[PDB]
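Participant: Encoded as structure tokens, here's the structure I'll be asking about.
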Amino acid sequence: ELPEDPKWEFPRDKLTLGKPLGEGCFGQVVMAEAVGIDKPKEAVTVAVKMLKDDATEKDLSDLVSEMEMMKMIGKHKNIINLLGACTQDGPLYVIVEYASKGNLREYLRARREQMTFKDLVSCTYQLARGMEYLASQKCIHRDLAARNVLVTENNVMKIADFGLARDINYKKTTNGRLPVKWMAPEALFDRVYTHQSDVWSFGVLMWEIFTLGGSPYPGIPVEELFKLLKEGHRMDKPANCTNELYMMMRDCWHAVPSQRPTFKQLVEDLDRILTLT
Amino acid sequence: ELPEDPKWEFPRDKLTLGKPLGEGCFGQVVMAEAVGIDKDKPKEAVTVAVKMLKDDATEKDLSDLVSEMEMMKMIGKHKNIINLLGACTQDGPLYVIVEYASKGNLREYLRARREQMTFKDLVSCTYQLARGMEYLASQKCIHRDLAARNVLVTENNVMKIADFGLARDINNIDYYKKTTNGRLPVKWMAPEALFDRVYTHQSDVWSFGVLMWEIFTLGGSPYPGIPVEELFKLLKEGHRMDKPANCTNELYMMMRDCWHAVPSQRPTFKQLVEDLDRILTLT
Amino acid sequence: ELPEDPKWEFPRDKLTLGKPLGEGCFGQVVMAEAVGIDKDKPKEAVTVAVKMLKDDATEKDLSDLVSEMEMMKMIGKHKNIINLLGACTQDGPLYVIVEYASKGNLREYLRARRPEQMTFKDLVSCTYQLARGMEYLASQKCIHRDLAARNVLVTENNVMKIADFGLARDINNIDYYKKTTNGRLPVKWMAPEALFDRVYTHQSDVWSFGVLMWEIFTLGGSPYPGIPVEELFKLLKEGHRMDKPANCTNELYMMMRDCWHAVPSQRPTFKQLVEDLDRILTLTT
Amino acid sequence: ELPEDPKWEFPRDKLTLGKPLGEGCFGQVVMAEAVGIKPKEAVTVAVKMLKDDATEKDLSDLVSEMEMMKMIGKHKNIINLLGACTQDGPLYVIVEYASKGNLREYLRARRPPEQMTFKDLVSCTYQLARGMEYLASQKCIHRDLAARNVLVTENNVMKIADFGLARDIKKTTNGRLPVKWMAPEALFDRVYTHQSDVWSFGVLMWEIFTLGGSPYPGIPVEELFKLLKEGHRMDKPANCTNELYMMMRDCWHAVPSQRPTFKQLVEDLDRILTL
Ligand SMILES: Cc1[nH]nc2c1N=C(c1ccccc1Cl)c1cnc(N3CCOCC3)cc1N2
Ligand SMILES: Cc1[nH]nc2c1N=C(c1ccccc1Cl)c1cnc(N3CCOCC3)cc1N2
Ligand SMILES: Cc1[nH]nc2c1N=C(c1ccccc1Cl)c1cnc(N3CCOCC3)cc1N2
Ligand SMILES: Cc1[nH]nc2c1N=C(c1ccccc1Cl)c1cnc(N3CCOCC3)cc1N2
Ligand SMILES: [Cl-]
């Protein structure tokens with residue numbers, strides 16, 4: 467039923483299972499070592517993303533689309549790479565890179596052995612760079628939340644959850664099935680997405696980073712949240728982040744999409760900060 | 467955002483917060499004692515289940531919860547379907563107040579009894610989940626998600642259907658293929674919904690057959706040993722799950738009947754209510 | 467060596483072959499004149515077209531004819547459908563004879579007369609004959625799976641006749657006929673349920689009939705114009721349906737849309753199509 | 467929708483659509499100017518594409534045909550793949566263009582009542611013969627060898643074509665191949681052998697020597713099996729020299745081991761051209 471790209475395909479037999487990394491509602495993945503993925509005969513360890521016993525058709529449609537999305541994006545230091553994809557006789561298995569420390573939100577939450600401010604800027608800098616590569620490839624993430632951004636072993640940040648991604652190169660969905668708190672007003676109300684919306688989500692992502700994994704829009708119910716955005720309630724600055732970042736961070740959250748800064752602008756703005764810290 | 471249902475609204479202050487009865491991936495429900503709701507105008511506390519969106523939320527998830535409140539008001543009351551005691555639409559975050567089932571949901575109700598359950602008792606639940614469906618489909622609605630995991634058993638064991646938020650009104654046009662197929666789990670879905678993208682009343686009966694399978698083989702997963710990806714390939718082939726152990730052939734023939742390839746020829750929901758009534762009567 | 471059917475047999479000596487009329491992937495038909503083939507008109511030569519194996523013969527083709535011949539025996543005579551007149555089944559080559567329509571297959575014939597002259601009433605009238613023809617098949621519990629405009633032969637004086645019966649199969653006790661999957665059918669004229677669920681029925685035929693009206697209405701135009709077969713599946717799930725032809729009246733177009741309903745239970749059955757068409761037909765003058 | 471092989475894929479924009487070049491009931495082939503190939510120049514190619522009446526099974530046959538072509542490689546005397554469009558949009562499989570079409574027609578349109599002489603008739607046989615030789619040792623077999631499925635190349639170079647019914651090396661359905669060109673060994677027991685094609689080749693030789701005349705003239709397909717079951721063999725064509733007639737008999741040998749091997753046939757033919 468599912469055709470196999472020759473370059474991506476990997477034999478089912480070669481791969482070996484490991485203790486499951488996680489079992490989310492979105493998808494199930496099991497850590498595993500796959501040998502000779504590149507053949508160099510190296511038994512690399514790759515997390516595998518796969519379906520649950522009961523899978524929604526949209527999940528089936530989404531994971532497969534997520535696998536396809538990885539092929540288009542070029543290998544980049546920040547975005548999580550796809551090393552090999554399996555579409556054998558058995559159930560579809562996707563092989564991804566393994567990030568030893570888990571997602572960004574959970575990594576900071578476990579460091580409230597300490598996180599110096601320079602590292603926080605560095606963590607922020609890498610995300611901008613990743614988005615910049617995606618912008619060049621015209622891919623829009625649609626999430627950009629700390630909770631699905633894998634931070635790898637030796638602290639190099641990695642973007643993740645490309646299942647929701649679409650290739651940009657307005658009206659295919661109402662921009663539902665996405666976390667509202669991390670979602671842009673333009674997408675929320677008019678159901679269209681653009682690079683700016685990721686930047687707004689990225690603006691929310693910065694609060695996740697600067698609140699040491701803290702949840703955004705504290706004390707506000709999602710139903711209530713529709714109203715504040717129209718009137719302009721933007722969250723106050725996190726303690727650790729310096730004031731200069733806030734003007735940039737707040738600028739990302741804008742009423743009109745055109746005003747919001749593009750990624751090229753953000754990385755360049757961010758590159759200097761690391762230098763003077 | 468939210469209007470006013472004078473009969474439906476229940477003030478936030480009257481209802482009391484409680485320990486959570488599970489946190490679903492889609493939404494969170496927390497137990498509550500409803501001071502305000504009146505069994506017969508007592509104004510005495512009655513236990514209840516509050517269903518609320520958890521703060522991290524899907525864009526659709528807010529909509530689905532709102533749809534669930536809207537869907538239930540239209541349905542009315544039947545002894546085989548979950549009640550709809552209250553809503554807190556007027557203020558704060560949406561809170562939906564729905565009656566509580568002591569025994570819990572049917573799928574795990576059966577797994578934990580693999596206690597003693599007589600064969601007929603099992604027929605009774607299957608017979609019952611059929612009476613409820615008949616009323617539900619006689620109100621020009623398609624539940625669209627029938628599965629054991631969503632049939633809730635009350636204390637004293639009276640089966641109540643749940644998760645009504647997904648099902649859509651089919652009153653004058655029968656759910657043409659608008660859907661993008663993210664609506665339902667593949668294992669419990671009908672083939673026409675899976676392939677054609679059309680859902681009719683009959684598709685609940687295809688789903689109902691799997692519900693008969695789950696109930697009959699002690700809350701067991703269907704299409705076991707078969708990956709979802711591979712499932713589609715033999716659905717066209719027509720291979721179907723075999724009769725669960727200790728199930729009478731007559732129920733199995735009824736089960737296979739539900740599994741008819743042609744939606745038009747599947748047993749009508751009235752027939753299912755009618756047969757089981759005869760079947761159950763013998764013993 | 468096939469078993470003889472006494473009624474169908476037609477002596478080889480009586481039949482004397484004539485020049486060939488087109489070629490197909492199922493074999494070929496050569497015009498022939500058979501003496502007194504039609505009962506109640508004995509000792510007369512009535513032109514007949516004989517379906518015979520192509521010099522190069524597909525094994526499926528040999529089997530195909532045998533099956534095709536069997537279908538003719540069961541359907542029974544009808545003014546609007548091609549009818550078996552006789553058959554050659556004995557020792558030697560197997561010639562199967564079938565009625566000869568002077569004008570030819572309908573889609574091409576229409577393509578003959580796009581501004596010859598064809599008035600709108602004839603186009604509506606022509607559809608009525610096909611709908612009536614289909615009803616007999618529905619009544620006789622058989623389904624013509626490949627019901628498309630190109631295969632409908634129209635006779636001299638326009639008595640439209642159905643054709644290319646090898647695909648159609650009996651449904652005496654089982655309605656779906658779900659066993660056959662993707663063996664040999666056009667995607668564009670296939671119904672949606674059958675294409676995806678591998679089930680065919682009479683409501684399923686009407687969808688093929690639905691398209692057949694469109695081909696006929698726009699002078700034998702190809703169905704689903706400008707859209708490739710490969711990408712047809714995606715639009716079909718989404719609900720795209722071809723637009724009404726410029727020639728078409730609104731009333732016919734609603735029936736066309738009516739014949740394309742997603743749910744088979746909902747589409748009209750052939751009795752309704754013939755009845756609805758008859759009224760529309762009545763007001764033509 | 468379909469996995470794209472990087473080597474084979476050719477961008478849709480690059481190849482101008484062009485116009486029709488003959489037709490077949492199963493699929494449609496249309497000539498086109500395909501810029502590029507590693508010439509880096511624009512030259513004509515015939516792309517085979519799904520026809521309007523798309524059979525459900527027809528799509529599978531097209532994919533199999535593309536697959537067959539990929540493994541074979543390139544030979545002088547056999548039509549070989551020139552890359553295919555693949556994943557984006559509609560699927561067109563591209564093959565090399567032949568100028569004069571199928572050989573059977575080419576021979577018919579060269580019957581008197596510069597026509598080919600006897601050496602030219604022999605020359606076609608050698609080419610066709612060597613091509614089977616190239617195909618031979620690839621662990622592949624054509625399964626349908628006849629004049630129509632053989633395509634001449636502008637400037638007279640013969641190329642075997644229409645590779646869909648080939649399975650690179658007996659559970660096959662064996663419904664879709666013609667009775668007359670089928671090997672007796674193959675038709676009756678449904679067995680398929682690399683050298684079972686010599687009979688097909690033996691029949692093919694006959695088409696060339698009578699400039700395309702239909703094989704077993706006067707014998708209907710229905711009655712054909714009986715003659716094959718008993719001892720029988722097509723008559724030697726008038727144009728062909730007697731030495732060839734025996735080759736056909738040798739090619740038609742009752743048991744598969746006995747039919748001359750493709751190297752043998754090709755080697756035997758060379759002497760004849762050489763002589
Ligand atoms: C797909 C993928 N690729 N790489 C991954 C990974 N998934 C996650 C993950 C975490 C929570 C929820 C969902 C998921 Cl999918 C992950 C989790 N825990 C890791 N850790 C092991 C060692 O110690 C700390 C914990 C590592 C991970 N990395
Ligand atoms: C919406 C609703 N209405 N009524 C409900 C209820 N939700 C559930 C539930 C069950 C499975 C998955 C999700 C959910 Cl939300 C529930 C769970 N467990 C119960 N039991 C308490 C006492 O101990 C045994 C267990 C009772 C429940 N009742
Ligand atoms: C089986 C049969 N029965 N009757 C037939 C007939 N076959 C055909 C035919 C047509 C299209 C495709 C396939 C076929 Cl087989 C036919 C063709 N051409 C005719 N005409 C000759 C004189 O010029 C005008 C045209 C007449 C025909 N009649
Ligand atoms: C695969 C391929 N490669 N090259 C091809 C070609 N297909 C054919 C062909 C022939 C018979 C049956 C099927 C087919 Cl598909 C072809 C036919 N006729 C040509 N002629 C053009 C000029 O006028 C006389 C006719 C040219 C052709 N070229
Ligand atoms: Cl139906």
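These protein sequence lines are chains D, B, A and C, in that order.
Heads up: the first sequence is residues 467 to 504, 507 to 580, 596 to 652, 657 to 764, going by the authors' numbering.
Heads up: the second sequence is residues 467 to 580, 596 to 764, going by the authors' numbering.
Heads up: the third sequence is residues 467 to 581, 596 to 765, going by the authors' numbering.
Heads up: the fourth sequence is residues 467 to 503, 507 to 582, 596 to 651, 658 to 763, going by the authors' numbering.
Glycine residues also receive a C-beta, built at the ideal position from the N, C-alpha and C atoms.
Would a check of beta-carbon distances place residue 471(C) closer than 9 Å to chain D?
Facilitator: yes
Participant: Nearest chain A C-beta to residue 718(C) closer than 9 Å, yes or no?
Facilitator: no
Participant: Tell me which same chain residues have a C-beta within less than 7 Å of the C-beta of residue 722(D), skipping the five on either side of it?
Facilitator: 694, 703 and 704
Participant: Just checking: is the beta-carbon of residue 499(C) within a distance shorter than 9 Å of some beta-carbon in chain D?
Facilitator: no
Participant: What would DSSP say about residue 524(B), mapped onto helix, strand or coil?
Facilitator: strand
Participant: Would you mind working out which of 633(C), 663(C), 753(C) and 711(C) sits nearest residue 687(C), comparing C-alpha positions?
Facilitator: When C-alpha distances from residue 687(C) are compared across 633(C), 663(C), 753(C) and 711(C), the shortest belongs to 753(C).
Participant: Does the separation of the CB atoms of residue 476(C) and residue 538(C) fall below 9 Å?
Facilitator: no
Participant: Relative to ligand 5, what is the chain-ordered list of residues with a Cβ closer than 5 Å to any of its non-hydrogen atoms?
Facilitator: With the cut-off at 5 Å, the residues found are 744(B), 745(B), 744(A) and 745(A).
Participant: Tell me which same chain residues have a C-beta within less than 7 Å of the C-beta of residue 558(B), skipping the five on either side of it?
Facilitator: 478
Participant: Quick one: what's got a C-beta closer than 8 Å to residue 580(D)'s C-beta in the same chain, skipping five residues either side?
Facilitator: Excluding sequence neighbours, residue 580(D) sits near 699 and 700.
Participant: Between the C-alpha atoms of residue 470(D) and residue 596(B), what's the straight-line distance to the nearest angstrom?
Facilitator: 49 Å
Participant: Given a cut-off of 9 Å, decide if residue 604(C) and residue 761(C) are closer than it, judged by their beta-carbon atoms.
Facilitator: In this structure, the beta-carbon distance from residue 761(C) to residue 604(C) falls below 9 Å.
Participant: For residue 562(B), decide whether its Cβ has a neighbour in chain A, counting only Cβ atoms nearer than 9 Å.
Facilitator: no
Participant: Which stretch, first to last residue, makes up the alpha helix (DSSP H) that contains residue 499(A)?
Facilitator: Segment 493–501 is the beta strand (DSSP E) holding residue 499(A); no alpha helix (DSSP H) there.
Participant: Tell me the DSSP secondary structure of residue 565(A) in three-state form.
Facilitator: strand
Participant: Find the residues of chain B that neighbour residue 743(A), judging by a C-beta separation of less than 7 Å, and give them in chain order.
Facilitator: Contact annotation for residue 743(A) against chain B: 655, 679 and 681 [CB-CB distance below 7 Å, chain order].
Participant: What do you get for residue 616(C), buried or exposed, if any count of 16 or more other CB atoms within 10 angstroms of its CB means buried?
Facilitator: buried
Participant: Can you grab the Cα-Cα spacing for the pair residue 759(B) / residue 739(B), in whole Å?
Facilitator: 17 Å
Participant: By the DSSP assignment, the alpha helix (DSSP H) with residue 574(C) in it spans what residues?
Facilitator: 572–577
Participant: Can you grab the Cα-Cα spacing for the pair residue 635(D) / residue 545(D), in whole Å?
Facilitator: 11 Å
Participant: According to the neighbour-count rule (16 or more other Cβ atoms, all chains shown, within 10 Å of its Cβ), is residue 578(C) buried or exposed?
Facilitator: exposed
Participant: Can you tell which of 637(B), 665(B), 521(B) and 638(B) has its C-alpha closest to the C-alpha of residue 648(B)?
Facilitator: 665(B)
Participant: Could you name the residues of chain A that residue 711(B) contacts, counting a contact when the two beta carbons are closer than 7 Å?
Facilitator: Result: empty, since nearest Cβ-Cβ is about 16 Å, beyond 7 Å.
Participant: Indicate the three-state DSSP secondary structure (helix, strand or coil) for residue 601(A) in the structure shown.
Facilitator: helix
Participant: Roughly how many whole angstroms lie between the Cα atoms of residue 675(C) and residue 719(A)?
Facilitator: 47 Å
Participant: What residue from 690(B), 568(B), 531(B) and 677(B) has the CA that sits closest to residue 741(B)'s CA?
Facilitator: 690(B)
Participant: Could you tell me whether any Cβ in chain D is nearer than 9 Å to the Cβ of residue 527(B)?
Facilitator: yes
Participant: For residue 625(A) and residue 493(A), I'd like the C-alpha separation in whole angstroms.
Facilitator: 19 Å
Participant: How should residue 711(A) be labelled, buried or exposed, when 16 other C-beta atoms within 10 angstroms of its C-beta is the threshold for buried?
Facilitator: exposed
Participant: Could you pull out every residue in the same chain whose Cβ sits closer than 7 Å to the Cβ of residue 569(B), ignoring the five residues on either side in sequence?
Facilitator: 575, 634, 635, 636 and 638
Participant: Which residues end up in the neighbourhood of ligand 1 when you take C-beta atoms closer than 7 Å to any of its heavy atoms?
Facilitator: 487(D), 488(D), 490(D), 495(D), 515(D), 517(D), 548(D), 564(D), 565(D), 566(D), 567(D), 568(D), 569(D), 570(D), 571(D), 574(D), 633(D) and 643(D)
Participant: Considering only residues of the same chain and omitting the five flanking positions on each side of residue 503(C), which have a CB-CB separation below 8 Å?
Facilitator: 512, 551 and 552
Participant: What whole-angstrom Cβ distance do residue 672(B) and residue 697(B) have, given they're in contact under 8 Å?
Facilitator: About 21 Å separates the two Cβ atoms, so there is no contact after all.
Participant: Is it buried or exposed, residue 613(C), if we count other Cβ atoms within 10 angstroms and call 16 or more buried?
Facilitator: buried
Participant: Is any non-hydrogen atom of ligand 4 found closer than 8 Å to the C-beta of residue 747(A), if you look at the structure I gave you?
Facilitator: no
Participant: Would you say the beta carbon of residue 640(D) comes nearer than 8 Å to a heavy atom of ligand 7?
Facilitator: Absence of ligand 7 is noted for the structure shown, with ligand 1, ligand 2, ligand 3, ligand 4 and ligand 5 being the only ligands found.
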